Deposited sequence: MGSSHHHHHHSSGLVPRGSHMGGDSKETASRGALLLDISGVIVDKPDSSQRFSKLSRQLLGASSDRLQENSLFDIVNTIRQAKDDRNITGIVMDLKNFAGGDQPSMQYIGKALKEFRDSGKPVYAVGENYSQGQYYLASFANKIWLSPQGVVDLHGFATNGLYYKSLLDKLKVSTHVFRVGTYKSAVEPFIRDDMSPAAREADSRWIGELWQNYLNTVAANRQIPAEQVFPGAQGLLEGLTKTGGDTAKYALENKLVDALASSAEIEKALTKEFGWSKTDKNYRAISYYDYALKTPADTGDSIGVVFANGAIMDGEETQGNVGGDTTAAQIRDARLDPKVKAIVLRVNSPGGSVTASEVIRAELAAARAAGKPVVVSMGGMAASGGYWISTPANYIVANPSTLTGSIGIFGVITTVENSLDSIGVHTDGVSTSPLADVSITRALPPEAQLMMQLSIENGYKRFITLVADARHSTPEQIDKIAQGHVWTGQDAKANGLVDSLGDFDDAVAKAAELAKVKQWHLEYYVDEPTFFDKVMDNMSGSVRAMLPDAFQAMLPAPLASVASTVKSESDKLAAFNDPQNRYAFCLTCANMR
């Protein structure tokens, strides 16, 4: 008596343009066992993307829906790379007959400013431990270090490979048939008069080529026709009431770490150090919550906010509440730090994690100002009080910042050593600010298992018991 129409608009996120990963996944799953829904339509024309892990996860639920025997259809005029990824999960893909399958690969590109700085006479002070902690490089050079390019080439090549393999599996062709490279996609388009849909069909990226309204045909064939709507029977994700789970009364707390780790209360699309700790603390203190899932998708951020979060989490574990980390997309640097006290860590193969390293920057403009004839002066009871963007950074402060940074790396490899049943010398080998795919992190001991949020929740329940429901924060 309907299709579920996944006309997703905007983007996939962990916690709200913005769509909840879990709501999609849960909605699909509900639809699977819903007698009123007979199949799924993907309309991805206002879908800007998501991270690879999260889109894999929707890939999974889509596949479960397929296996119960209700069909899943993919229909657009064109497909963006991000869009095609999600659409490769359908039984049948329709693309328009002049439309495109836009596959190009991944690129990582960042701006560097040493020259501008020097030109502007800025004084730049870098404090760091990590050969591969490369977010610092924009201040100190014109380009990437060989080190940085090794680390990046590795994870880029890997995520892209995963893309290709996941799409290959899904379309039952070999990977370089999905994307043979620029030289081949170009030859292949040449044997096709530059027909992009025609290449897309002879190489099996796509199933049939069809107008919007002769698609409207095949769709009313399948799911029927409504006259109340004058369009094939169906209902949008945005409309379909995702039913509210039964209260067991005995739950698993789900805490989010979405975005960058800042110091205050939560503002923006950022992790507020103090907010998260409060949520974790609420979990620990509530006798109904029996285990915690820290769901992490964070580039990293403030060290001290990281430690505030970690220490609440440790507390929960020490109070005999098990802690399991679901990394989705990124759990890096401070994102790993916060993950460190977990009983178990699980990552997607395409998750970016690691980047166990540390850094601070300090810029001052004393020469900048000098050159246009501005100057500072004052009286200080200590050089340590003369630390402001308009004053040279004093040596005394330089030396203890270095020292503080060093201590920080130590604290970091030490937490990881203790948490991962390892030694500091061993952690140092897989640290140095090096970023790792989920897969690399599993190989080197940083993460316990490859999987997704389902695996995280299952393991949480395992470490206690029974018949659970989820308290989201």
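Q. Quick one: where does the model skip the deposited sequence?
A. Deposited residues absent from the model fall in 1 to 30, 47 to 67, 525 to 593.
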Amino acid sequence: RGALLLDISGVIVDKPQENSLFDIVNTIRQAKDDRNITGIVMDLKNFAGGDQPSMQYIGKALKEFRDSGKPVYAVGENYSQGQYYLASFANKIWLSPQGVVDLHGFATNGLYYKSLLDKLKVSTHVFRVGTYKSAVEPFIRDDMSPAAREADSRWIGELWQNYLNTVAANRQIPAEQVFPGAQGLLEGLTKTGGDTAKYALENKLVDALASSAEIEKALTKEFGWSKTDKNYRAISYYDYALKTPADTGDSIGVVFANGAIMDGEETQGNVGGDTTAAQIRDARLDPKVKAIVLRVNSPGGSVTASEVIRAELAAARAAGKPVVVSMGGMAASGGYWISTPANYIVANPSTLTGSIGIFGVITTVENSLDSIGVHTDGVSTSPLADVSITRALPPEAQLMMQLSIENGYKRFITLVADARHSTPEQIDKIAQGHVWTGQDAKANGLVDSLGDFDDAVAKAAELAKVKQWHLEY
From here on, numbers count along this sequence of modelled residues.
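(Q) Quick check on the record: does 195 to 203 or 148 to 156 carry the larger mean Cα temperature factor? (A) According to the entry, 195 to 203 carries the higher average C-alpha B-factor.
Q) Would 441 to 449 or 417 to 425 have the larger average of its C-alpha temperature factors, as given in the entry? A) Looking at the recorded C-alpha B-factors, 417 to 425 comes out higher on average.
Q) Which listed residue, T304, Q268, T124, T166, has the largest C-alpha temperature factor in the record? A) Max CA B-factor in the entry, restricted to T304, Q268, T124, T166: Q268.
**Q.** C-alpha B-factor winner, where the candidates are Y132, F179, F359, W94
**A.** That would be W94, according to the entry.
Q. Which third of the chain holds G259 when residues are ordered by C-alpha B factor: lowest, middle or highest?
A. Ranked within chain, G259 CA B lands in the middle tercile.
Q: Please place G59 in the lowest, middle or highest third of its chain by C-alpha B factor as given in the entry.
A: Lowest third - that is where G59 ends up once the chain's C-alpha B-factors are sorted.
Q. Looking at the C-alpha B-factor of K217, is it in the lowest, middle or highest third of its chain?
A. It belongs to the highest third of the chain when residues are ordered by C-alpha B-factor.
Q: Grab the CA temperature factor for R284 from the record and place it in the lowest, middle or highest third of its chain.
A: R284: CA B-factor falls in the highest third of its chain.
Q.
Quick check on the deposited entry: does the C-alpha B-factor of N46 sit in the lowest, middle or highest third of its chain?
A. Highest third of the chain for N46's C-alpha B-factor.
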